[PDB]
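Those protein sequence lines, which keep their order, are chains A and B.
Here the entry's author numbering is used: position 20 in the first sequence is 20, and no number is missing along the way.
Here the entry's author numbering is used: position 75 in the second sequence is 75, and no number is missing along the way.
We put the beta carbon where it would ideally sit given N, CA and C, even for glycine.
2 protein chains.
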Amino acid sequence: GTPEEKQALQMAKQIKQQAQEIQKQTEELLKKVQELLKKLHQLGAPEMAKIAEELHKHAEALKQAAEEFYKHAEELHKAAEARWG
Amino acid sequence: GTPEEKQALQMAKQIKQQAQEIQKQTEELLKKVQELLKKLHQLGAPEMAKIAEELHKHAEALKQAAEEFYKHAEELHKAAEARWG
Ligand code: NI
């Protein structure tokens, strides 16, 4: 394999790793938002609860975007390995 | 702030902090995708370029969701401080 092909193979593997790491992080963050939401609902805090529920929708969007990225990162790694692995 | 209020405020701070950590990693990840693209365009591997460009789209989408999450998280933390901090 050429130095360059080998380089691109390794870049793809690194992107896949970082994608995995970010996805886990997004899962933990959603959990934290859920937790906070439960507490604010118990606190009779309607205006805080309202923004906490919009924040939970954003945490869902973030976890979803991370998962979508990871799917394509795996696909790119697969394709690189097929060619150059 | 009552103890439970102060707890919700700490939970918001921790959500803010993790949001900042995630945004930073999504910036890094997009840089990696950009650098791979440069390399794949160079190797004239158009199928690989096609995957990488799709991944480029997803990296921007992911970084955008992390930025939007962080904006909302900071706004919630700041309201929580207004009430309880
Ligand atoms: Ni896609």
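Say whether chain B places a C-beta atom closer than 7 Å to the C-beta of residue 92 of chain A. Given that chain A is displayed from residue 1 to residue 85, the structure contains no residue 92 of chain A and the question cannot be resolved.
Under three-state DSSP, which class holds residue 26 of chain A? Counting from one through the first sequence, the residue named residue 26 of chain A turns up at place 26. The answer is helix: DSSP assigns residue 26 of chain A an H, G or I state.
Would you say residue 61 of chain A faces chain B, with C-beta separation under 7 Å as the test? Indexing the first sequence from 1 puts residue 61 of chain A at position 61. Interface residue, yes.
Which residue's Cα is closest to the Cα of residue 20 of chain A: B/26, B/36, B/75? Translated into the one-based positions of the first sequence, residue 20 of chain A becomes position 20. Ranking the options by Cα distance to residue 20 of chain A, first place goes to B/26.
Which residues neighbour the ligand NI when neighbourhood means a C-beta less than 6 Å away from any of its non-hydrogen atoms? List them by chain order. A/68, A/72, B/54, B/58
Just reading off the alpha helix (DSSP H) that residue 62 of chain A is part of, what are its end residues? Sequence index remark: in the first sequence, residue 62 of chain A carries index 62 (1-based). First-last of the alpha helix (DSSP H) with residue 62 of chain A: 46-84.
Kindly list, in the order they appear in chain B, the residues whose Cβ is closer than 7 Å to that of residue 82 of chain A. Stepping through the first sequence from its first residue, residue 82 of chain A is reached at position 82. What residue 82 of chain A touches in chain B: nothing, since even the nearest Cβ is about 10 Å away.
Under 7 Å between C-beta atoms, does residue 54 of chain B make it to chain A? For this step, residue 54 of chain B is matched to residue 54 along the second sequence. Yes, contact with chain A.
Chain B within 7 Å of residue 34 of chain A, Cβ atoms only: Residue mapping note: residue 34 of chain A aligns to position 34 of the first sequence, counting from 1. Not closer than 7 Å to any Cβ of chain B, the Cβ of residue 34 of chain A fails to qualify, so no.
Can residue 8 of chain A and residue 39 of chain B be called in contact, C-beta distance under 7 Å? Walking along the first sequence from the start, residue 8 of chain A turns up at place 8. Walking along the second sequence from the start, residue 39 of chain B turns up at place 39. The answer is yes: Cβ separation under 7 Å.
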